[PDB]
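The next block holds one structure in the form of structure tokens; read it before the comments.
Any read-out appearing in this document is the output of simple, stated calculations on the displayed coordinates, not a laboratory observation.
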Amino acid sequence: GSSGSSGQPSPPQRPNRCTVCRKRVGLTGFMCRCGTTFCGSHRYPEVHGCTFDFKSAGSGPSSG
Ligand SMILES: [Zn+2]
Ligand SMILES: [Zn+2]
């Protein structure tokens with residue numbers, strides 16, 4: 001059976017999905033400060049209850 005691959009070469013370049021509704025944000029997506037991506041509608045922190053985790057890491061060299 002002469003085969004090679006079944007599907008399509010579509011690697012995850014810059015795939016982004018709203019952590020609130022997973023609307024696949026991108027065109028106008030907003031990456032919250034906490035470190036997440038949301039939609040223009042869920043871009044606000046209060047909307048997705050921003051849980052910015054601070055002083056929660058004791059490794060690697062510091063910086064500013
Ligand atoms: Zn959303
Ligand atoms: Zn946030």
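Note that segment 19-28 has calculated 3J(HN,Hα) couplings of 6, 10, 10, 6, 7, 6, 2, x, 2, 9 Hz, one per residue in order, obtained from phi through the Karplus relation 6.51 cos²θ - 1.76 cosθ + 1.60 (θ = phi - 60°); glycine and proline are x.
Calculated from the alpha-carbon coordinates, the chain shows an Rg and a Dmax of 17.9, 58 Å respectively. The amide H of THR37, built 1.01 Å from its N in the peptide plane, has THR19, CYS32 as neighbours under 5 Å, considering only residues 5 or more places off or on other chains.
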